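To start, the structure under review is shown below, and the notes come after it.
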Amino acid sequence: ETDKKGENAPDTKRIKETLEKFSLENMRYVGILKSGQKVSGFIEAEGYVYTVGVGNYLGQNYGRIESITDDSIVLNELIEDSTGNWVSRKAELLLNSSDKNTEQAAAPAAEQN
C-alpha cells in the first residue's frame, strides 16, 4: 500500500525543480512574458531562464510570486531563520535594466580650453 499526502514528516536531500540547484543571489529579473491577457515575470538563474506569474514558484529556497507589474515583481521568499523554520519574506524586485549612472566626472587629464 502506498499513500500520497503531506503530513508532518521530514524531507530528503532530493530536489523539486532544476531551480533548486540555483541560489537567489543568482536569480535576477530579465524581463516578462505574455500569458493570454496578462504579464508574467521572467526571471533567470545563472543562465537558466524560467518565467513566473500570479501565484508561481521562484527563487532558491521557497519563493512564491503573487504580484507582477511592468519592470517589477512582488514575491514572498521563504527561508530558515532564528525561528528555526523557513519564514516567509515578502519582497518586490525591480527590473535591473540598463539604467546605470555613468555620468561624466573629474578624471586624470588636462584640457585645452
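Following the order of the C-alpha cells, chains are lettered A, B, ..., residues in each are numbered from 1, and ligands are numbered from 1.
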TODO: Going by DSSP on the backbone, which bits of chain A are strand (DSSP E)? Write them as number ranges by chain, please.
DONE: A: 27-34, 39-45, 48-52, 56-58, 62-69, 72-80, 86-94
Output for the residues just chosen: N, CA and C atoms as a compact mmCIF listing (two decimals), in the first residue's frame:
# COMPACT_ATOMS: atom_id res chain seq x y z
N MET A 27 19.52 34.48 -9.04
CA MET A 27 18.24 34.85 -9.64
C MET A 27 18.14 36.36 -9.84
N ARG A 28 17.74 36.77 -11.03
CA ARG A 28 17.60 38.19 -11.35
C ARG A 28 16.49 38.42 -12.37
N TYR A 29 15.93 39.62 -12.36
CA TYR A 29 14.85 39.97 -13.28
C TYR A 29 15.40 40.27 -14.67
N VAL A 30 15.01 39.46 -15.65
CA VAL A 30 15.46 39.65 -17.02
C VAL A 30 14.40 40.36 -17.86
N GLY A 31 13.15 39.95 -17.68
CA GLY A 31 12.06 40.56 -18.43
C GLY A 31 10.71 39.97 -18.06
N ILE A 32 9.79 39.97 -19.02
CA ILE A 32 8.46 39.43 -18.80
C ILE A 32 7.97 38.64 -20.01
N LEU A 33 6.92 37.85 -19.81
CA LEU A 33 6.36 37.04 -20.89
C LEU A 33 4.85 37.20 -20.95
N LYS A 34 4.30 37.12 -22.16
CA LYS A 34 2.86 37.25 -22.36
C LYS A 34 2.14 35.97 -21.95
N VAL A 39 0.59 39.65 -17.84
CA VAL A 39 2.05 39.69 -17.95
C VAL A 39 2.70 38.90 -16.82
N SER A 40 3.62 38.01 -17.19
CA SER A 40 4.32 37.19 -16.21
C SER A 40 5.77 37.63 -16.06
N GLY A 41 6.27 37.59 -14.83
CA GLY A 41 7.64 38.00 -14.58
C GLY A 41 8.65 36.94 -14.99
N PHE A 42 9.57 37.31 -15.87
CA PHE A 42 10.59 36.39 -16.36
C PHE A 42 11.88 36.54 -15.56
N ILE A 43 12.24 35.50 -14.82
CA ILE A 43 13.45 35.52 -14.01
C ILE A 43 14.45 34.48 -14.50
N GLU A 44 15.74 34.82 -14.44
CA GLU A 44 16.79 33.91 -14.87
C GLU A 44 17.74 33.60 -13.72
N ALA A 45 18.21 32.35 -13.67
CA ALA A 45 19.13 31.93 -12.62
C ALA A 45 20.38 31.28 -13.22
N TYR A 48 19.94 29.81 -16.51
CA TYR A 48 18.60 29.24 -16.53
C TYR A 48 17.55 30.34 -16.72
N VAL A 49 16.59 30.08 -17.60
CA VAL A 49 15.52 31.04 -17.87
C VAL A 49 14.15 30.45 -17.56
N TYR A 50 13.52 30.96 -16.52
CA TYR A 50 12.20 30.48 -16.11
C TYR A 50 11.26 31.65 -15.82
N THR A 51 10.06 31.59 -16.40
CA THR A 51 9.07 32.64 -16.20
C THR A 51 8.09 32.27 -15.09
N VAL A 52 7.52 33.29 -14.46
CA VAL A 52 6.56 33.07 -13.38
C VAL A 52 5.42 34.08 -13.45
N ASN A 56 3.04 31.71 -8.49
CA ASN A 56 4.01 30.77 -9.04
C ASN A 56 5.18 30.58 -8.08
N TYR A 57 6.15 29.77 -8.50
CA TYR A 57 7.32 29.50 -7.68
C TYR A 57 8.57 30.13 -8.30
N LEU A 58 9.54 30.46 -7.45
CA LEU A 58 10.78 31.07 -7.90
C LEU A 58 11.78 31.19 -6.76
N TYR A 62 12.37 28.75 -1.07
CA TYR A 62 10.95 28.61 -1.40
C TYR A 62 10.31 29.97 -1.66
N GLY A 63 10.44 30.45 -2.89
CA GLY A 63 9.88 31.74 -3.26
C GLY A 63 8.59 31.60 -4.05
N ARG A 64 7.60 32.41 -3.70
CA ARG A 64 6.31 32.37 -4.39
C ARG A 64 5.91 33.76 -4.88
N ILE A 65 5.64 33.87 -6.17
CA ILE A 65 5.25 35.15 -6.76
C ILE A 65 3.75 35.35 -6.68
N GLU A 66 3.34 36.57 -6.32
CA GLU A 66 1.92 36.89 -6.20
C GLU A 66 1.56 38.06 -7.11
N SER A 67 2.36 39.12 -7.05
CA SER A 67 2.12 40.31 -7.86
C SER A 67 3.21 40.48 -8.91
N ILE A 68 2.81 40.86 -10.12
CA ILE A 68 3.75 41.05 -11.22
C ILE A 68 3.40 42.29 -12.03
N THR A 69 4.21 43.34 -11.89
CA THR A 69 3.98 44.59 -12.61
C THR A 69 5.08 44.83 -13.63
N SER A 72 8.71 45.18 -12.50
CA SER A 72 8.61 44.97 -11.06
C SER A 72 7.83 43.71 -10.75
N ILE A 73 8.26 42.99 -9.71
CA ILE A 73 7.59 41.76 -9.31
C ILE A 73 7.62 41.58 -7.80
N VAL A 74 6.47 41.29 -7.21
CA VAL A 74 6.36 41.10 -5.77
C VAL A 74 6.15 39.63 -5.43
N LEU A 75 7.10 39.05 -4.69
CA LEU A 75 7.02 37.65 -4.30
C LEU A 75 7.44 37.47 -2.84
N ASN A 76 7.09 36.33 -2.27
CA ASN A 76 7.43 36.03 -0.88
C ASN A 76 8.45 34.90 -0.80
N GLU A 77 9.69 35.24 -0.47
CA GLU A 77 10.75 34.25 -0.36
C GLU A 77 10.78 33.63 1.03
N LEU A 78 10.72 32.30 1.09
CA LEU A 78 10.74 31.59 2.36
C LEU A 78 12.12 31.01 2.64
N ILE A 79 12.67 31.33 3.80
CA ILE A 79 13.99 30.84 4.19
C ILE A 79 14.09 30.67 5.70
N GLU A 80 14.83 29.66 6.13
CA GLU A 80 15.01 29.39 7.56
C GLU A 80 15.60 30.60 8.27
N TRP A 86 11.60 27.74 8.13
CA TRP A 86 11.52 28.60 6.95
C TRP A 86 10.46 29.68 7.14
N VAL A 87 10.90 30.94 7.16
CA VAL A 87 9.99 32.06 7.34
C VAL A 87 9.78 32.81 6.02
N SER A 88 8.53 33.16 5.75
CA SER A 88 8.19 33.87 4.52
C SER A 88 8.60 35.34 4.61
N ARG A 89 9.12 35.88 3.51
CA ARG A 89 9.55 37.27 3.47
C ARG A 89 9.15 37.92 2.15
N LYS A 90 8.15 38.79 2.20
CA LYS A 90 7.67 39.48 1.01
C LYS A 90 8.68 40.52 0.54
N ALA A 91 8.98 40.51 -0.76
CA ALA A 91 9.93 41.45 -1.33
C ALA A 91 9.57 41.77 -2.78
N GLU A 92 9.71 43.04 -3.15
CA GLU A 92 9.41 43.47 -4.51
C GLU A 92 10.67 43.92 -5.24
N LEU A 93 11.05 43.18 -6.27
CA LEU A 93 12.24 43.50 -7.05
C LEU A 93 11.87 44.27 -8.31
N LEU A 94 12.76 45.17 -8.73
CA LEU A 94 12.52 45.97 -9.93
C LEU A 94 13.49 45.58 -11.04
- [ ] Please provide the set of residues having any atom within 8 Å of residue 23 of chain A, restricted to only C-alpha atoms, with same-chain residues fewer than 6 positions apart removed, written as a list in words.
- [x]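 In the requested form, the answer reads residues 45, 59, 60 and 61 of chain A.
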Residues of the last selection are to be written out with N, CA and C atoms, as an mmCIF file, in the first residue's frame.
data_model
loop_
_atom_site.group_PDB
_atom_site.id
_atom_site.type_symbol
_atom_site.label_atom_id
_atom_site.label_comp_id
_atom_site.auth_asym_id
_atom_site.auth_seq_id
_atom_site.Cartn_x
_atom_site.Cartn_y
_atom_site.Cartn_z
ATOM 1 N N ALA A 45 18.209 32.355 -13.669
ATOM 2 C CA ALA A 45 19.131 31.929 -12.623
ATOM 3 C C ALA A 45 20.376 31.280 -13.218
ATOM 4 N N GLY A 59 12.970 31.699 -7.066
ATOM 5 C CA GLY A 59 13.994 31.859 -6.051
ATOM 6 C C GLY A 59 14.772 30.581 -5.805
ATOM 7 N N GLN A 60 15.440 30.509 -4.658
ATOM 8 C CA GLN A 60 16.228 29.333 -4.306
ATOM 9 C C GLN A 60 15.468 28.442 -3.329
ATOM 10 N N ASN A 61 15.401 28.872 -2.074
ATOM 11 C CA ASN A 61 14.704 28.113 -1.041
ATOM 12 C C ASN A 61 13.258 27.841 -1.447
#
TODO: Have a look at atom CA of residue 85 of chain A and atom CA of residue 55 of chain A and let me know their distance in Å, one decimal.
DONE: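 Interatomic distance, atom CA of residue 85 of chain A to atom CA of residue 55 of chain A: 22.1 Å.
Interatomic distance, atom CA of residue 26 of chain A to atom CA of residue 14 of chain A: 20.5 Å.
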TODO: Pull the helix (DSSP H, G or I) assignments for chain A out of DSSP run on the backbone, and list those residues as a ChimeraX atom specification.
DONE: /A:18-21,24-26
